[PDB]
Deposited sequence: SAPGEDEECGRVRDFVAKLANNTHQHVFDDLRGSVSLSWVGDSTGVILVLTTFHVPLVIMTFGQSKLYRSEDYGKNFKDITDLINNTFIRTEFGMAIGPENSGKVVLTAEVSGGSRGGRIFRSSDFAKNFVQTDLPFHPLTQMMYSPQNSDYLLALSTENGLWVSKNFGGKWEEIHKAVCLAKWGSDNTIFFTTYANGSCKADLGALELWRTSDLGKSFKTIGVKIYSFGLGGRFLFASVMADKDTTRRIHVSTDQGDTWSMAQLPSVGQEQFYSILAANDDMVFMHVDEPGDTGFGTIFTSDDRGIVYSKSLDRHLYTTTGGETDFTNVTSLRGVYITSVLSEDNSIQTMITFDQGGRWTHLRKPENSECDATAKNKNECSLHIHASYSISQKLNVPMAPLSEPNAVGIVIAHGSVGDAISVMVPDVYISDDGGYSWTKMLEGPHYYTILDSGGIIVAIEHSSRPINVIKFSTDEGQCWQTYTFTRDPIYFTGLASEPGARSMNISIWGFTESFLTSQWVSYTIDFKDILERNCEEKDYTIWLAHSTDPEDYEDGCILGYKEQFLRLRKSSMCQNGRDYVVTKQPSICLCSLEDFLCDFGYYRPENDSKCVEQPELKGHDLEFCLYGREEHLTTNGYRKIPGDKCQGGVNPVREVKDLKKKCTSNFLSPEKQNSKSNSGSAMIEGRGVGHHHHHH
């Protein structure tokens, strides 16, 4: 344990609040950053709606149900909370069966005063704030009109009809799909993709034969129907639709799907579903254009039914992602990549962990991670893997140790180096959060039955101390805490036993970490270190990062203003910083990219109908987000591969 005098500190700081009876649908929303404002919304269906508010981080709520006029709020649309600190809150309310249109309750300041506005239409969707201006909203109506508002929902105007899907781009741009006749389901693949810069003053048709579309990073993606067929394929656009490239990705049937797994201004992770009811697909990573794709992972478990994947950005160390794959035998293994998908491997098992029945060898086994897929199978998993960018290196997850994901009741495992190494944090399932950029870690035992106790650790999970926060135990469902993992306030939620009420105990760790952190506590940490002795040690994507990192031994507060300190070393370029361009491959182990003897499959499709500027390749492209400098420069004098597809074909004219 190692902490002296904790019960004293936490006694004062434990704050209980009580709420009304089960069972009602419960919504909790944080409003703003550095505000402490929380909205709890409760709705009841029997032959109404309650709304509370707290400015103290959840220590004391007081009941503002007065401010909505006592009317009935609909949990379908929930609470549409404005971006950043704009403080916008919008609630959609239920109206009499035959009404003009719907009604919403608008707060422009952190839910202190609400104004009720009657809409000219009926909302089919939660209203969506424009990213650049929180005063801009768009909604889809039940008649499929696209409605827009410049004034934050006071006045609306219908800027197009027959709209399937509509999204805010950057700079108040709206992208939406329309349909000619029939219904969005009927005309699917026949959809038309539009853009409007001026909020409906003027439009442009950027797409046709559209199955679907989506945004990630700088890319606009659209899947387009074959003129000849039911197959579709991805086209990509960097200009917001003005020009369109066919991706080098396989086409799919109507059985299959694309999923954008992750996107950043450098690249995307694209999941392509496998033909047949596989339950798996292939992961591709793109180049910085989104045009050129590299096969990253085989048999990536993503289910056709319910849409579960285990795919996880480990957001506490750059380059690092974990995911599940379906082996040849039907068993699920976890895989981790440290280099942004350039290579996948098995997570290393804890030093002292021993293998389970899954493992065919008893001293030699991996760690496997419970994530969305596990949870969906009703395995005993209260939480998915957790990591925060402020807390460098830290990953917390339920797992098992063996050759595959085990159905047994999992322990909880922690990593401080971003997933290179692991130890058992806690035996048994737990709920966990991170406070104060890793200054504190907090855990609740997951029990079939009531708990009066919360666990906390100030050394990043190496040591734990038990605190009893209530002497009347609760049935415990969840933790609420301020997003961004910067506060010292945690809210334990649950209900009492039997004739009941929901309760929340919010604990301030304010005095548990009494003294502030200062330079002395931090220590120099090279990320991604494999071999100390090496010049190139810790180069990922062409460079190293050295971090200043809070000493495990130091017990103190990083503070709300804490800034991860790190400095880059820029590594010399090797071939391993380059990906094969179109029509090139690595045949041997050797990194070197050589010309393919000929194009096959979707390589041949791309070559046949492909956009011509990309056809000449350098054989080599710098991995996106790779910052390496100097060293090797294999990128080549451009060479036209157009003729080498068509050299086989007889040509006309």
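Gaps in the model relative to the deposited sequence occur at 1-9, 57-63, 515-516, 672-696, listed in sequence order.
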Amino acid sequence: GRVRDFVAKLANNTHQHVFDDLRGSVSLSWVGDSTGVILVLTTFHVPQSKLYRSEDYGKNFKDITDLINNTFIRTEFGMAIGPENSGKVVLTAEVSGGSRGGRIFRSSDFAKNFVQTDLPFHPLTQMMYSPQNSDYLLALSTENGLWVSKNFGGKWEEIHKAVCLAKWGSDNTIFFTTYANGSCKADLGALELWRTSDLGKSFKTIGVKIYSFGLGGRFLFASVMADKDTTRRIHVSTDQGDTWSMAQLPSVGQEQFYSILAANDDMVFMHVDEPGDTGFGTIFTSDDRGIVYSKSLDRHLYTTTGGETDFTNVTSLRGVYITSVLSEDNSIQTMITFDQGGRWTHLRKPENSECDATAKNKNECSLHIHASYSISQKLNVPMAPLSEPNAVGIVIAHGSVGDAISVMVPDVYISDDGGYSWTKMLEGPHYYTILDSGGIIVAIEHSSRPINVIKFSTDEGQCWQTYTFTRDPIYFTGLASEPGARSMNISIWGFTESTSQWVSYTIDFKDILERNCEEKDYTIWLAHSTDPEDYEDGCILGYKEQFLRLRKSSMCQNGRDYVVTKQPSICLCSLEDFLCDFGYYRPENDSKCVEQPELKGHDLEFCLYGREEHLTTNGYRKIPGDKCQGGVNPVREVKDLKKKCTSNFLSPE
From here on, numbers count along this sequence of modelled residues.
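Between two forms, the rigid core is defined as the largest C-alpha subset superposing within 1.5 Å.
Core-fitted comparison in 6 other deposited structures of this protein shows that, between 181-189 and 462-470, the CA atoms farther from the shown form belong to 181-189. Relative to the displayed structure, the C-alphas of 301-309 lie farther away on average in 6 other deposited structures of this protein than those of the other candidate, with 301-309 and 209-217 compared after rigid core superposition. Residue 624, modelled here, also has coordinates in every other compared entry of this protein that models residues flanking it, well short of the third needed to call it frequently missing. Residue 47, though modelled here, lacks coordinates in at least a third of the other entries of this protein that were compared and that model residues flanking it. The mean C-alpha temperature factor is higher for 217-225 when 279-287 and 217-225 are set side by side. For the pair 296-304 and 414-422, the mean Cα B-factor is higher in 296-304. In the PDB entry, the Cα temperature factor peaks, among 625, 610, 32, 58, at 610. Considering 482, 143, 436, 356 together, the PDB entry gives 143 the largest C-alpha B factor.
Per the deposited record, the Cα B-factor of residue 167 falls in the middle third when ranked against the other modelled residues of its chain.
Ranked by C-alpha B-factor against the other modelled residues of its chain, residue 157 falls in the highest third. Remark: residue 174 belongs to the middle third of its chain, ranked by C-alpha B-factor as recorded. When the modelled residues of the chain are ordered by C-alpha B-factor, residue 150 sits in the highest third. Sort the chain's modelled residues by C-alpha temperature factor and residue 97 lands in the highest third, per the entry.
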